Structure formats: structure tokens, C-alpha cells
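Only one chain is included here, represented as C-alpha cells and corresponding to the form solved without the named molecule.
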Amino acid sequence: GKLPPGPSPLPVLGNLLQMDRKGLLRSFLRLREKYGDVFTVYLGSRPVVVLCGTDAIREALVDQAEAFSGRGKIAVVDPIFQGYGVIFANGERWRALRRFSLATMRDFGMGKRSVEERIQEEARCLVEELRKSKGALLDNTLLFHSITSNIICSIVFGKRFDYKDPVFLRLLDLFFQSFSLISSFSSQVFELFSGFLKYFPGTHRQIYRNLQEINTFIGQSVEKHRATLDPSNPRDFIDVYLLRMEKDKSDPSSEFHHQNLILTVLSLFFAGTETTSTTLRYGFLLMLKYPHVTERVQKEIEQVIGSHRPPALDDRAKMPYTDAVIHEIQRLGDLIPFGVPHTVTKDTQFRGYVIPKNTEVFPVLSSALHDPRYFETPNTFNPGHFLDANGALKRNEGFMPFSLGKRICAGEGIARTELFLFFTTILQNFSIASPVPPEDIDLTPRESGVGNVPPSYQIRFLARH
């Protein structure tokens, strides 16, 4: 047997001395150098096996997919999920929820209109809101979170909120804080010493409280559904879950009960709102930095879509340049740097090692997004990475923003459609500008952790003629 190489741990402190003040990612990337693509670091008591670069990650996640299909924990939010919900679930509970969760998001939303149709309609709402600002300088963070939320909201509660609704803004508010603290330095620390730190104060409490307030809201909404519920006509994700919960009333092994509903719906909000939203937010910071790319995108929007009909999803196969820019926004923006923790579902033999069942594995998505074996000049923005000589989109093995394998993002289809429809629909109707000149713009994340949080910035949206 034997675990993969690593620094010798110090019990109760692990490799805390072999870490890097920057954060967990720099700690992983630095150790990588000494010990290779696969290694074993200790986050307090916890032995974790880190994976690096397209090849390693792919061999594990794809090659031994079931073996690596387990879910670890995130110290700062486990107190909330405790293994419930379509993300943090495991074994048979997980397979049951994911299967349900895929099919269900696919066909139910407010209006029995398609996922694409809702995103199109949100985009239409977004455009109109932006006209109201008459091209004045704003911070798009709030709006950008608003439009992502409303997609999940339409899907899960079967209704969108008006951008200015106080229920909603309050919700977005709680949301807005938690997601950024999840990636704060403290929460990275809390990752190694939750045993200790779980006791004194810290941000894990405001994270914990805030998330609980959201859960309270999902609580209320469930009850309102539960009562108005009509079996003939499920309205959305929540009704579909109830109707299943009833089909299962006599099944003691069914995983479709209250906790999985709450924590699932929470997960579809946490995942759906936050990553897509900061991706868009980061994409537009790049468009301020590369007005030339922005302009080429707007021109393709012109040749293919035109200035009158709203962008539709299948316009994308006709628009490889724009498609490439979105790939290149995801790749560089690298919103989830060390993936979400996995575990092996069994003793596993891997690259001549043995990894014991249930050991947390960290597939470091970033080291594949910036893997030189697959991307020339990995730290610079170039839509070129995804274009061939003819300007056709060009698949690249190293690009796995949603991770790979059996746990690959359950929302990747929705997220990709959001990116494409929001990007094209804003640029169709608007030009962007910043006070800051391009050369001055600094893409350095304000916070780096389980997620990447891009810096805030001023931007104006100028209505097009």
C-alpha cells in the first residue's frame, strides 16, 4: 500500500508548517513542486490527497469514476448540510437525489416554459432594468446576482422576483455575505482546525446564521407549496418533490423527505446563484480590459443574430468566437480553484499508491485550467485557446471548469446557457465602459478560496443605436 508522498505531519497540526500564508490553493500548488502531481497533506487531523494537472485529475475522476465519486466536506458549511442535499449527499442518497434533480430541473419551472425560455425572459428583464440606469456608472454585482437567482427561483419556487423587491433584496443580501465569507481567509483556516476553532467566534457563525435564515425562507415556501399543491399540475421543482414524496409514502428507504428538500433547494441556490454570477461579473471585467475582444463579439452577434431578435441558445453553434470567449472567461476566471472535495468510495490503487476508503481527495481544477501541457501561456487571456485555424471552436482536454466524472456539475447545462444568453443579450443591446483604462485593470481576485471572488468595479452600460 502507502499514501502518496507528502511532508511529514505533526499530529494535531499536520502540515500546517508546510502551508502558505496565501491560502489553501497556493499551499497545494507550492507543495506540488516538491512532491509531484499527486500528494498527501494534512489539514489538522485530516489526511487529504491532492490531484494536479489535466492528466492526474482525468485519470482519477474519469478513469476510476465510481471509485472517486464520493463527496468530502467543507468545514464552514458542513454544520449546515451534514450530508444532506444533492451536493453533499453520498452513496445511495446522492444517486437518488442527483437522478431526480437532473430530470426535474430539465422540465419544470414557472410557466412550463423551458429553461432556455426563462433565461431568455430574465435577459429581457435585465436589459430593461439597465436601460433605466440611462448609462450611468454602476456596480453590476447586485444585478448580476439578481439575474442568476431568478433562474433558480423560477425553477425552484416557480416565480421570479422583481429586481427591487425587498423580500428578494434581503434574500440576495444574506446570500451576498455568506458566499464571500466561505472563501475568506478565516474559512480557509477553519478548514484545518474546525475541531478547535468551531468553539470561539469567527465568521463561521455569520455564515452559519445567514445560511439558516435562507433555509427558513425555503421552509416557508415549502409550506405554501404543500398547501396550494395540485397533483394534476406541479408548478415547479418543489411540487415535483412533494408529488414524489407522496408516491413514496410507503417506502422506508426513500430519500425524499424534508431535510433533503430543504438542503437540496438550498444547494440549487448556493450553486446556481454564486458561481454563474461571479463568472459573468468576471467576464465583464475582461471585456473592459480587452475592448478589442468585446468588439469582435458584438460583431459576431451582429452577423449571426442581428440587432432585433433576442439571442437564442442554438445561435451559439453559429458563433464560435463568442463561444471561445466564454470558454476563455471560464478557464482564466477559474471560479472554483480546488474543486469541491471528493472521497474515494473504497480502498483504491492509484498510480502505484493505495488510497483508503473515505479519504478526502482534492481535484485541483485550477492546475488543469492553467496546465501548460494544454494551454500555451496559461495566465494570459486568449480566446485563441479554443479556436482552430478556421475560427471553429476547438475542444481542449484541459478545460474542465465544472470538474469531470460522475459528480460533474449537475447544473452545467443551465450555467452554460446562462453565460451565453446573458453575455450575448447584454452586448447585443449595450456597449460597456469603465473610467479605468484597460491597461490598469487588475484581474486579481479579491478573495481566493473554495471559490474565487473577483474585485468590485465600476462599469457603465451604454444603450446601442
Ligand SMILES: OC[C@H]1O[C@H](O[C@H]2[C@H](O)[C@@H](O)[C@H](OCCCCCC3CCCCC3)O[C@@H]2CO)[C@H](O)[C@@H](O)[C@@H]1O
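All residue numbers refer to positions in the sequence shown, first residue = 1.
Not on display, but discussed next: the form deposited with the named molecule bound.
Only one of the listed residues (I305, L288, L143, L171) places a non-hydrogen atom within 4.5 angstroms of the named molecule in the bound PDB entry, and that residue is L171. In terms of contact with the named molecule in the bound PDB entry, the residue from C153, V325, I147, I301 that brings a heavy atom within 4.5 Å is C153. The candidate spot formed by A60, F284 and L332 is out of contact with the named molecule in the bound PDB entry: none of the three has a heavy atom within 4.5 Å. Contact between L138 and the named molecule in the bound PDB entry is not found at the 4.5 Å heavy atom cutoff. Although the partner is absent here, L192 is a contact residue: one of its heavy atoms lies within 4.5 angstroms of the named molecule in the bound PDB entry. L387 falls outside the set of residues with a heavy atom inside 4.5 Å of the named molecule in the bound PDB entry. In the bound PDB entry, at least one heavy atom of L16 sits within 4.5 Å of the named molecule. Picking from 124-132, 377-385, 349-357, 153-161 the stretch near the named molecule in the bound PDB entry, with a 4.5 Å limit on heavy atoms, gives 153-161. Residues of 175-207 placing a heavy atom within 4.5 Å of the named molecule in the bound PDB entry, in sequence order: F175, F185, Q188, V189, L192.
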